[PDB]
Structure formats: structure tokens, C-alpha cells
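Trainee:
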Amino acid sequence: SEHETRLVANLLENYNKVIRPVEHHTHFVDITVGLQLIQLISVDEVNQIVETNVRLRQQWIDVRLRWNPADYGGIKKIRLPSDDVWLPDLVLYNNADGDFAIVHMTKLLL
Amino acid sequence: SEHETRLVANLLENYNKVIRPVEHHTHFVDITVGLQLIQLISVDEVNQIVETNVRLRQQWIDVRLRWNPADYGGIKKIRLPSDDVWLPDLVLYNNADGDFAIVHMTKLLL
Amino acid sequence: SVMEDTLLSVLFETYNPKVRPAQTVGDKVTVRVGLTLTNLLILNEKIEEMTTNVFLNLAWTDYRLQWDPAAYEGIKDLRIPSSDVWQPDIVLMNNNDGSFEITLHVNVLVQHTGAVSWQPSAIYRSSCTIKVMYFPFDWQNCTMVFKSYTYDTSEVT
Amino acid sequence: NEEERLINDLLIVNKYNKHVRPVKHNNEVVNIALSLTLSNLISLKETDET
Amino acid sequence: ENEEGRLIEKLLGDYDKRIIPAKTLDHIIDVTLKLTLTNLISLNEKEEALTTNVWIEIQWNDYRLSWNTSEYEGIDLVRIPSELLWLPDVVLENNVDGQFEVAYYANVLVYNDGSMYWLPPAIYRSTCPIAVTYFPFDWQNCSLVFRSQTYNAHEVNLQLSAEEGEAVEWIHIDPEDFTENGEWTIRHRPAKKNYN
Amino acid sequence: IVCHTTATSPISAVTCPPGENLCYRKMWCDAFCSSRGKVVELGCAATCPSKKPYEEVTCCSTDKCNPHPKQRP
Ligand SMILES: *[C@@H]1O[C@H](CO)[C@@H](O)[C@H](O)[C@H]1NC(C)=O
Numbered sequence: 001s002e003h004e005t006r007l008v009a010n011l012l013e014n015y016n017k018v019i020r021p022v023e024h025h026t027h028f029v030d031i032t033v034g035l036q037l038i039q040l041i042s043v044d045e046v047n048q049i050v051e052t053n054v055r056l057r058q059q060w061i062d063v064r065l066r067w068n069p070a071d072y073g074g075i076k077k078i079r080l081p082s083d084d085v086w087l088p089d090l091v092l093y094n095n096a097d098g099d100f101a102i103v104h105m106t107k108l109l110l
Numbered sequence: 001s002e003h004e005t006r007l008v009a010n011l012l013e014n015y016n017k018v019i020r021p022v023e024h025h026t027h028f029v030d031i032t033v034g035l036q037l038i039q040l041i042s043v044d045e046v047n048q049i050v051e052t053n054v055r056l057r058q059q060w061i062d063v064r065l066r067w068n069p070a071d072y073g074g075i076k077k078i079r080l081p082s083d084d085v086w087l088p089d090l091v092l093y094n095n096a097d098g099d100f101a102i103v104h105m106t107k108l109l110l
Numbered sequence: 001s002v003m004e005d006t007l008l009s010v011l012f013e014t015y016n017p018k019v020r021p022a023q024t025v026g027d028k029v030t031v032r033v034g035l036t037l038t039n040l041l042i043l044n045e046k047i048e049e050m051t052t053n054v055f056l057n058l059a060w061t062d063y064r065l066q067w068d069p070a071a072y073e074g075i076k077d078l079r080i081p082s083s084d085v086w087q088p089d090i091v092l093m094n095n096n097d098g099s100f101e102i103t104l105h106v107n108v109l110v111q112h113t114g115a116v117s118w119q120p121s122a123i124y125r126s127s128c129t130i131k132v133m134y135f136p137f138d139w140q141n142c143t144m145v146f147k148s149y150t151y152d153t154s155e156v157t
Numbered sequence: 002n003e004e005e006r007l008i009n010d011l012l013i014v015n016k017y018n019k020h021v022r023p024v025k026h027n028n029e030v031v032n033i034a035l036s037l038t039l040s041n042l043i044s045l046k047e048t049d050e051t
Numbered sequence: 001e002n003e004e005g006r007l008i009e010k011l012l013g014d015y016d017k018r019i020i021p022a023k024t025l026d027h028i029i030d031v032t033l034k035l036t037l038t039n040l041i042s043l044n045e046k047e048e049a050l051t052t053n054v055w056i057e058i059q060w061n062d063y064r065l066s067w068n069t070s071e072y073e074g075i076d077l078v079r080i081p082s083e084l085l086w087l088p089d090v091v092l093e094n095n096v097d098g099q100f101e102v103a104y105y106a107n108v109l110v111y112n113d114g115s116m117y118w119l120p121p122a123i124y125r126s127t128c129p130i131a132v133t134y135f136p137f138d139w140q141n142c143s144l145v146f147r148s149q150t151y152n153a154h155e156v157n158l159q160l161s162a163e164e165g166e167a168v169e170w171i172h173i174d175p176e177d178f179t180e181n182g183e184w185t186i187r188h189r190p191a192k193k194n195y196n
Numbered sequence: 001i002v003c004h005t006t007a008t009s010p011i012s013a014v015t016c017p018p019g020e021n022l023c024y025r026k027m028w029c030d031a032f033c034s035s036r037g038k039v040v041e042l043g044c045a046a047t048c049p050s051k052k053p054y055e056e057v058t059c060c061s062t063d064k065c066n067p068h069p070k071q072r073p
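Chains as they are written, first to last, in the deposited numbering: chain A, 1 to 110; chain D, 1 to 110; chain C, 1 to 157; chain B, 2 to 51; chain E, 1 to 196; chain G, 1 to 73.
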């Protein structure tokens with residue numbers, strides 16, 4: 001849509017995905033974390049490894065990514081890519097032989 | 001080489017690699033395909049898969065990438081990268097579990 | 001370092017790494033190919049494969065990467081990412097996997113003469129024929145072939 | 002956000018090059034101190050010697 | 001001077017691939033997919049994973065990629081790489097590995113009316129639990145679950161293909177150029193739209 | 001006899017050598033059953049080739065009985 005195109009152009013114009021979404025550097029951004037377990041794939045009782053397929057639900061506010069729907073055709077949700085905005089570096093500390101962080105750069109809801 | 005630098009700049013200036021190399025969209029691109037088998041790696045009789053190391057020779061003409069050697073110091077051959085020009089989407093139909101298309105760019109000759 | 005930034009900006013104004021350095025049309029680039037073996041890992045005979053960790057030792061001359069060190073605070077040598085200079089497509093042709101190129105793209109060593117030294121590293125899986133007549137009391141040849149995939153004698157020596 | 006101004010004045014304004022060592026003169030050395038923390042020892046496959 | 005360049009550079013100018021092509025609010029993108037089994041490669045009973053080579057045909061409409069043929073010498077069909085276009089993030093959810101997406105990102109045939117025909121081939125390692133009870137005289141019911149991991153039902157409406165006005169509620173299998181696996185024989189191959 | 005044959009590119013109306021005067025037309029839809037339609041094989045035959053469950057054959061004895069479904073004899 002012309003509206004959503006214009007919106008996504010105006011939201012990412014001066015946006016830096018390197019800085020946290022805070023009005024002041026002292027404040028924190030609360031990220032609501034949630035794990036959704038889907039299947040337990042394996043348990044290596046020798047290497048002491050558990051392999052799971054999960055979804056890492058993460059909610060947080062980005063004060064720089066706001067807009068009035070009245071000025072954008074009533075839009076209230078979009079599906080921006082995740083490499084385009086700031087994301088938290090949630091790492092699996094007890095990782096064994098896989099990936100520490102998220103590598104599937106799925107789109108997010110805004 | 002300075003001649004070849006100016007040439008590589010002048011060829012790729014207004015060249016788009018999304019568009020077929022034809023003077024008119026009704027014409028066709030004649031790609032002379034050749035297969036050079038190097039070694040037979042495996043014959044899986046269970047899953048019915050044959051691995052081969054091949055070189056997929058491909059020849060065609062891009063009339064957008066022609067030049068006069070007299071204007072570039074006698075150059076008649078260069079080694080452009082594949083990702084910079086149009087490539088035909090040759091695909092192995094009877095591909096079991098490998099790559100359907102070519103994934104090694106391996107600069108071409110022009 | 002401010003002189004390093006200035007020098008890099010100078011060198012790489014019109015420098016294109018897609019272009020083979022021939023100061024005169026018709027010249028050949030001279031590439032010296034050495035190999036440093038760090039470990040012979042495996043010689044699996046079931047698949048006729050040979051796995052090694054090696055440093056290639058490549059050296060060539062790019063006439064475009066020259067400068068007077070007196071003009072740049074005596075900088076006689078630069079370490080430059082390999083993706084920024086022209087490098088020959090020196091690869092392992094007799095691989096058994098599909099990995100021709102190297103793995104670790106260490107940054108090249110450029111001297112003020114244009115001498116570019118690149119000592120990159122690779123875990124290479126090469127194909128060698130196994131002679132099954134005196135196994136396990138056998139001796140294997142197991143070569144490693146190296147050449148430029150795309151550049152030929154008319155272009156590199 | 003003060004960080005937005007700073008991270009600009011450092012990387013873009015001052016033309017920071019990430020392919021240049023942090024040295025005023027190209028005769029000093031960059032000392033890199035590295036430690037190692039072992040989170041977990043997964044395997045020592047003796048057949049693959051890894 | 002291929003007229004297709006004029007056209008493609010006109011279309012992809014002022015084109016954002018992050019943006020769903022919803023003409024307006026209230027508009028759901030009717031995404032029509034169809035599966036074509038090319039080879040059944042394996043059913044590892046240990047890993048409990050089915051390996052398939054499929055050509056899945058995605059079809060949808062992008063109002064932004066429409067044009068009038070008279071202005072472009074009759075061109076009614078253009079191929080545009082999928083890396084340049086908006087695609088519905090149709091993925092295999094019941095995968096054991098993390099390969100949700102397709103293998104070859106083929107070009108998208110774009111028609112003058114905005115119709116898009118994407119026939120990307122894929123190699124999918126699905127998950128289907130085994131029924132050992134009568135092993136090795138067993139028959140397995142292995143499923144391939146396709147959904148969008150990005151867009152919802154208020155945004156896209158996943159549906160099956162309608163060929164000759166009848167729904168293609170089955171996996172398509174070339175009876176001539178299909179090689180039976182060697183250990184597994186295909187008896188049924190249905191396809192239905194399901195809702196959680 | 002004058003048959004339509006897919007043994008040429010483009011399709012041609014060529015006469016059959018001595019021994020074959022039956023213009024046939026096989027049809028069946030492969031992995032591209034939708035975007036393109038049923039396959040179209042045409043040409044010459046001394047006897048009408050066999051038929052399988054998925055095929056759709058039509059052999060004749062006249063000239064040009066087997067045109068592409070988007071044409072006429
Ligand atoms: C298509 O363009 C031509 C001009 O070449 C114009 O005459 C015609 O009306 C256009 N068709 C439509 C449907 O707008």
C-alpha cells in the first residue's frame with residue numbers, strides 16, 4: 001500500500017538499529033521473554049546435549065517506531081523485517097554445539 | 001590496467017542484470033551448454049543418488065557488453081564476475097538432495 | 001592512523017579489484033604459489049579423500065599499490081583486507097567436495113613496491129586415488145593441485 | 002538519546018575506518034589481551050581426533 | 001534495447017518488498033499454493049524425518065506490478081528474481097532441521113494483471129513420527145505442513161489451487177517421470193486446509 | 001499422408017515416409033499440468049501407439065487429423 005510504504009519509509013529514515021530504544025541512556029527497555037517448546041528432538045546422554053525446536057517470543061517497545069493511524073490510512077500493525085530494527089542479543093548461555101543467539105531473521109510485528 | 005578499469009566501468013554503468021541479453025524481447029538467447037564430468041563421487045543405491053563433479057560450460061552473447069578494442073588499448077577479453085552480469089537459470093531437474101542451480105560464481109570470460 | 005587512512009584513500013580511489021593488474025595490455029601477472037602444511041588430518045580411504053590444514057603462500061605484484069613512504073610517515077607495508085585488492089582465483093582443483101576457494105580470508109600484505117603477499121588458510125579436502133594392493137602396508141601419493149580457476153597463461157604466470 | 006549523537010561523532014563525523022589499526026603512528030603495537038572461559042567440554046572423539 | 005528493462009525498472013522503482021501488496025485495509029492476499037512431489041528420498045525411522053524434493057507453486061497478486069501491454073510492445077509476462085519482490089513467507093513448519101524456506105529462489109513470473117507464479121523447488125526434511133507396531137510391515141502417515149511464519153489470516157488467505165474450477169486437494173505426481181523410492185510406496189496423497 | 005508432428009521446432013505439417021499413415025496425438029499432464037496444460041505429442045505412426053491410464057490418444061487415417069488443440073485441421 002502507498003500508506004504502508006510511506007510509513008515504513010518515514011519510520012526508518014533516521015532510525016539507527018544500533019542504539020537502544022530509550023528516551024534517555026539511563027533508562028532500560030523491558031523485553032518480555034517467552035519460550036514456546038514445539039518438539040524435543042534428541043537427548044544425547046553421552047555428550048549431555050538436549051536438542052529442542054523452540055520459538056523465542058520477545059516483546060518490547062521502540063519509542064522511535066510510533067505513528068498515528070489517522071495519518072497513515074488507519075494502519076495499526078505492520079510486519080517489518082528484524083534486521084531493520086534494534087533487537088536484543090538474547091543468548092543461550094548453556095549452549096553446547098549449536099547457535100548461541102537467534103539466526104533466523106524472521107519478520108516482526110510492530 | 002587502466003584501459004580495463006575504464007572498460008569495466010563503462011560496461012556495467014547502465015547495465016541491468018535482471019534483463020535478458022536481447023536487442024528485442026521477441027528474440028531468444030541461445031546458450032550453448034556443455035558438461036565436463038571430472039569424477040564420479042558416489043552412487044547411493046539405497047536413496048538412488050549419484051554425486052558427480054562437473055563443470056557446466058555455458059556460452060552466450062550479451063550485446064550490452066560489447067566494446068571496440070581500439071578504444072581500450074587492444075583488450076579483447078576480460079574476466080568479469082558472474083554476479084555482475086545476467087546469468088541463465090539453468091537447473092538440474094532430477095536433483096535429489098543437492099543444489100538445483102549453480103552456486104559457484106567463478107568469474108566468467110567476456 | 002591518519003596517514004594510513006590517507007594512503008588507503010589515495011590507493012583505492014580508482015582501484016578496481018575485478019581487474020587484473022597489467023600496466024601494459026598484454027602483460028602477465030606473476031603469481032608464486034607455495035604451500036605450508038599445518039596438519040595432515042585424515043586420509044579416509046573409503047571415499048578417497050585427503051583432509052589438510054594448509055596455508056597457501058601467494059605473492060604477486062600490483063602496479064597500482066605503490067607509494068613513496070617518505071610521503072606517508074615511512075609506511076613501507078600495509079595490511080589490507082583481501083576483498084579490497086585483486087587476488088588470483090588460486091584454488092584447489094582436485095577437491096572431492098565443492099570447496100575450491102580458501103576458508104580464512106586473512107588480510108593481504110602490500111608493500112610500497114606493489115608486492116602483495118597473501119598467506120591464507122584452508123581446510124582442504126582433496127581427492128587422491130588409493131592403491132589397494134598392499135594395504136595396510138601401503139604408501140600413498142595424494143597430490144594437491146593448485147591453479148587459478150579463471151585466469152590462464154595469457155594472464156598469469 | 003545522547004548515544005545517537007556520540008556514536009555519530011565517533012564513527013561517521015570523525016571518519017572512523019575499521020580497516021585501520023588503532024594507532025597514532027604506524028610503528029606502535031596494539032596490545033590485545035585475550036582470556037578463555039570454558040563453558041562446557043562437549044567431546045573428545047578419539048576416532049576423529051577432535 | 002529489450003523493452004523488458006524499461007518495464008522492470010519502472011515497476012521496481014517505487015517498490016518496497018517489505019510491504020504487503022494490500023491495496024487497502026480489509027484486503028487479504030489470496031495466496032494459492034500447490035505441491036508437486038519430485039522424489040521421495042528417505043524416511044529415516046531413527047531420526048523420524050521424511051526427506052522430499054518438491055516443486056511448490058506459490059501464486060498471488062501484487063497490484064504494484066501491473067502494466068498495460070500497449071505501452072510495452074505487448075509484453076504480458078516478465079521474470080523478476082524473488083530476492084527483489086515481496087513474497088509470502090510460506091514455510092515448512094514441521095521441519096526437523098531449521099530449513100523453513102525453499103532451496104532455489106527461482107524467478108517470479110509476473111503477468112500484466114499482477115499475477116505472480118513462483119515455482120521454487122525445495123528439499124525438505126519433515127518430521128513424521130513412526131508407527132512401529134507392525135514394522136517392517138508398516139505404513140506411515142507423513143505430513144508436510146505449510147504456513148506463513150510472518151503473515152496472519154487477516155493479511156493472507158492460504159488456499160489450494162483451483163485448476164478447471166476444481167480444487168487441487170492432492171499432491172501432484174508425474175506418473176511418467178516419477179521414480180518410486182525403493183523402500184516406500186505412495187498410496188494416498190491428499191491435501192487439505194486446516195485451522196488451529 | 002500429411003500429419004502434424006512435434007518432432008520439429010516449430011511444429012510442422014510434414015508428410016510421413018512410406019509405412020506410416022496414421023496421424024496420432026498423445027496427451028498427458030506432467031509436473032506442469034497447471035501452468036501449461038497437458039503435454040502434446042504428435043507425428044506419424046504405422047499403428048496407433050498404446051494407451052495408459054493417464055494418457056489421451058487419438059489416431060486417424062486422414063491428413064492432418066492431429067493439430068495442436070489450439071489449432072484446427
Ligand atoms: C494502454 O496504452 C495505450 C497507449 O499505447 C492506450 O491507448 C490504451 O488505452 C491503454 N489501455 C488501458 C487499458 O489503459
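We treat Cβ as the ideally placed atom computed from N, Cα and C, and that holds for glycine.
Which residues, in chain order, sit with a beta-carbon under 6 angstroms away from any heavy atom of ligand 1?
Mentor: Listed by chain position, these are E:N68, E:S70 and E:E71.
Trainee: Which residues, in order along the segment 15-26 of chain C, keep a beta-carbon less than 9 angstroms from a beta-carbon of chain D?
Mentor: Under the 9 angstroms Cβ criterion, the segment 15-26 of chain C contributes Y15, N16, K18, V19, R20, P21, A22, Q23, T24, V25 and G26.
Trainee: Can you say whether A9 of chain A is buried or exposed, counting buried as having 16 or more other CB atoms within 10 angstroms of its CB?
Mentor: Along the first sequence, read from residue 1 onward, the residue named residue 9 of chain A stands at position 9. Exposed: under 16 other Cβ atoms inside 10 Å.
Trainee: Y54 of chain G CB to nearest chain E CB: under 8 angstroms?
Mentor: The count along the sixth sequence starts at 1 and reaches residue 54 of chain G at position 54. So, interface residue.
Trainee: Mind checking whether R64 of chain E and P81 of chain A have CB atoms under 8 angstroms apart?
Mentor: For the purposes of this step, residue 64 of chain E is identified with residue 64 of the fifth sequence, where counting begins at 1. For the purposes of this step, residue 81 of chain A is identified with residue 81 of the first sequence, where counting begins at 1. No, they are not a contact pair.
Trainee: Rounded to whole angstroms, what's the CA-CA distance from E49 of chain C to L35 of chain C? Just pull it up for me.
Mentor: Locating residue 49 of chain C in the third sequence gives position 49, where the first residue counts as 1. Locating residue 35 of chain C in the third sequence gives position 35, where the first residue counts as 1. Taking the straight line joining both Cα atoms gives about 19 angstroms.
Trainee: For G5 of chain E, report the span of its alpha helix (DSSP H) as first-last.
Mentor: Translated into positions along the fifth sequence, residue 5 of chain E becomes position 5. It spans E3 to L11 - the alpha helix (DSSP H) in which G5 of chain E sits, taken as one unbroken run.
Trainee: Between the beta-carbon of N53 of chain C and the beta-carbon of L41 of chain C, is there less than 8 angstroms?
Mentor: Mapped onto the third sequence, residue 53 of chain C falls at position 53. Mapped onto the third sequence, residue 41 of chain C falls at position 41. Their beta carbons are under 8 angstroms apart, which means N53 of chain C touches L41 of chain C by this criterion.
Trainee: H26 of chain B and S1 of chain C look like a contact to me (Cβ under 8 angstroms); what is the Cβ gap, rounded to whole Å?
Mentor: Counting from one through the fourth sequence, the residue named residue 26 of chain B turns up at place 25. Counting from one through the third sequence, the residue named residue 1 of chain C turns up at place 1. Yes, they are in contact, since the Cβ atoms of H26 of chain B and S1 of chain C sit about 6 angstroms apart, within 8 angstroms.
Trainee: How far does the alpha helix (DSSP H) with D10 of chain B in it reach, from first residue to last?
Mentor: By one-based count along the fourth sequence, residue 10 of chain B stands at place 9. Note, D10 of chain B: alpha helix (DSSP H), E3 to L12.
Trainee: Using Cβ-Cβ distances below 7 angstroms, what residues of the segment 33-64 of chain D are close to chain C?
Mentor: Listed by position along the chain: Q39 and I41.
Trainee: Relative to the C-alpha of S70 of chain E, which residue among E:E3, E:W55, E:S115 and E:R187 is closest?
Mentor: Numbered from its first residue, the fifth sequence carries residue 70 of chain E at position 70. Out of E:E3, E:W55, E:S115 and E:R187, E:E3 has the C-alpha closest to the C-alpha of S70 of chain E.
Trainee: Can you check whether the CB of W67 of chain D is closer than 8 angstroms to the CB of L7 of chain D?
Mentor: As a position in the second sequence, residue 7 of chain D is number 7, starting the count at 1. As a position in the second sequence, residue 67 of chain D is number 67, starting the count at 1. Yes, Cβ-Cβ distance for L7 of chain D and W67 of chain D is below 8 angstroms.
Trainee: Just grab the DSSP bridge partners of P17 of chain C for me.
Mentor: Counting from 1 along the third sequence, the entry for residue 17 of chain C is found at position 17. Looking at the DSSP assignment, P17 of chain C forms no beta bridge with any residue, so it has no partner.
Trainee: Can the beta-carbon of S66 of chain E be found closer than 8 angstroms to that of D113 of chain E?
Mentor: To locate residue 66 of chain E, count along the fifth sequence from 1; it is residue 66. To locate residue 113 of chain E, count along the fifth sequence from 1; it is residue 113. Yes; because the gap between Cβ atoms is below 8 angstroms, this pair is in contact.
Trainee: Taking the Cβ atom as the reference point for each residue, do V108 of chain E and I8 of chain E lie within a distance shorter than 8 angstroms?
Mentor: Here residue 108 of chain E refers to the residue found at position 108 when the fifth sequence is read from its first residue. Here residue 8 of chain E refers to the residue found at position 8 when the fifth sequence is read from its first residue. No, they are not a contact pair.
Trainee: Identify which residue in A:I102, A:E2 and A:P88 has its Cα closest to the Cα of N53 of chain A.
Mentor: Numbered from 1 along the first sequence, position 53 holds the residue referred to as residue 53 of chain A. Looking at the Cα atoms, A:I102 is the closest of the given residues.
Trainee: Mind listing which residues of the segment 95-118 of chain E have their C-beta closer than 8 angstroms to chain D's C-betas, in chain order?
Mentor: The segment 95-118 of chain E vs chain D, Cβ under 8 angstroms: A103, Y104, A106 and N107.
Trainee: Can you look up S34 of chain G in the DSSP assignment and give me helix, strand or coil?
Mentor: As a first step, residue 34 of chain G must be located in the sixth sequence, where it is residue number 34. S34 of chain G falls in the coil class under three-state DSSP.
Trainee: Report yes or no: do three or more beta-carbon pairs, one from the segment 17-36 of chain A and one from the segment 49-60 of chain E, lie closer than 8 angstroms?
Mentor: The answer is no - the segment 49-60 of chain E does not touch the segment 17-36 of chain A, with fewer than three Cβ pairs under 8 angstroms.
Trainee: Assuming contact is defined by CB atoms lying nearer than 8 angstroms, are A31 of chain G and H188 of chain E in contact in what I supplied?
Mentor: Taking the sixth sequence and counting its residues from 1, one reaches residue 31 of chain G at position 31. Taking the fifth sequence and counting its residues from 1, one reaches residue 188 of chain E at position 188. Against a cut-off of 8 angstroms, the Cβ pair of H188 of chain E and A31 of chain G comes out as no contact.
Trainee: State yes or no: is the C-beta of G182 of chain E within less than 8 angstroms of the C-beta of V46 of chain D?
Mentor: Position 182 of the fifth sequence, counting from 1, holds the residue named residue 182 of chain E. Position 46 of the second sequence, counting from 1, holds the residue named residue 46 of chain D. Yes, Cβ-Cβ distance for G182 of chain E and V46 of chain D is below 8 angstroms.
Trainee: Relative to the C-alpha of residue 115 of chain D, which residue among E:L35, E:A22, E:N53 and E:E101 is closest?
Mentor: Look at the range of chain D in this structure, 1 to 110, and you will see that residue 115 of chain D is not part of it.
Trainee: At the level of alpha carbons, what is the spacing between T129 of chain C and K46 of chain E?
Mentor: Along the third sequence, one-based indexing puts residue 129 of chain C at 129. Along the fifth sequence, one-based indexing puts residue 46 of chain E at 46. Cα to Cα, the separation comes out at about 34 angstroms.
Trainee: Give the residues from the segment 75-92 of chain A that approach chain E closer than 7 angstroms (Cβ to any Cβ), ordered along the chain.
Mentor: Those residues of the segment 75-92 of chain A that come within reach of chain E (Cβ to Cβ, closer than 7 angstroms) are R79, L80 and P81.
Trainee: So, at 7 angstroms on beta carbons, what are the nonlocal neighbours of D62 of chain A in its own chain, with the 5 sequence-adjacent residues on each side left out?
Mentor: As a working mapping, residue 62 of chain A is identified with position 62 in the first sequence. For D62 of chain A, where only same-chain residues beyond five positions count, the Cβ hits under 7 angstroms are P21, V85 and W86.
Trainee: Verify the CB distance criterion: does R18 of chain E have a CB-CB separation below 8 angstroms to chain A?
Mentor: Position 18 of the fifth sequence, counted from the first residue, corresponds to residue 18 of chain E. For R18 of chain E, the answer is yes, since a Cβ of chain A falls inside 8 angstroms of its Cβ.
Trainee: Between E47 of chain B and chain A, is any beta-carbon pair separated by less than 8 angstroms?
Mentor: As a working mapping, residue 47 of chain B is identified with position 46 in the fourth sequence. By this cut-off, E47 of chain B is not an interface position.
Trainee: If you follow the alpha helix (DSSP H) that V8 of chain D is part of, which residue opens it and which one closes it?
Mentor: The residue given as residue 8 of chain D occupies position 8 in the second sequence. Its alpha helix (DSSP H) spans residues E2 to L11.
Trainee: Does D71 of chain D come out as helix, strand or coil in the three-state DSSP assignment?
Mentor: The sequence position of residue 71 of chain D within the second sequence is 71, counting from 1. Note: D71 of chain D maps to helix in three-state DSSP.
Trainee: Buried or exposed: which applies to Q159 of chain E, given that a residue is buried once 16 or more other Cβ atoms fall within 10 Å of its Cβ?
Mentor: Looking up residue 159 of chain E in the fifth sequence gives position 159. Classification for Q159 of chain E: exposed.
Trainee: If you draw a straight line from the alpha carbon of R22 of chain B to that of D14 of chain E, how long is it in whole angstroms?
Mentor: Mapped onto the fourth sequence, residue 22 of chain B falls at position 21. Mapped onto the fifth sequence, residue 14 of chain E falls at position 14. When rounded, the distance between both Cα atoms is 41 angstroms.
Trainee: Would you say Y63 of chain C and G26 of chain C are within 8 angstroms of each other, going by their C-beta atoms?
Mentor: Counted from its first residue, the third sequence places residue 63 of chain C at position 63. Counted from its first residue, the third sequence places residue 26 of chain C at position 26. Against a cut-off of 8 angstroms, the Cβ pair of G26 of chain C and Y63 of chain C comes out as no contact.
Trainee: List the endpoints of the continuous alpha helix (DSSP H) containing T6 of chain C.
Mentor: Start at 1 with the first residue of the third sequence, and residue 6 of chain C comes out as number 6. Counting along the chain, the alpha helix (DSSP H) containing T6 of chain C begins and ends at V2 to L11.
Trainee: Any contact of the segment 131-143 of chain E with the segment 84-93 of chain E, i.e. 3+ C-beta pairs under 8 angstroms?
Mentor: Verdict: no, contact absent.
Trainee: Could you tell me which chain E residues have their CB closer than 7 angstroms to the CB of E23 of chain D, listed as they occur along the chain?
Mentor: Here residue 23 of chain D refers to the residue found at position 23 of the second sequence. Those are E1, listed as they occur along chain E.
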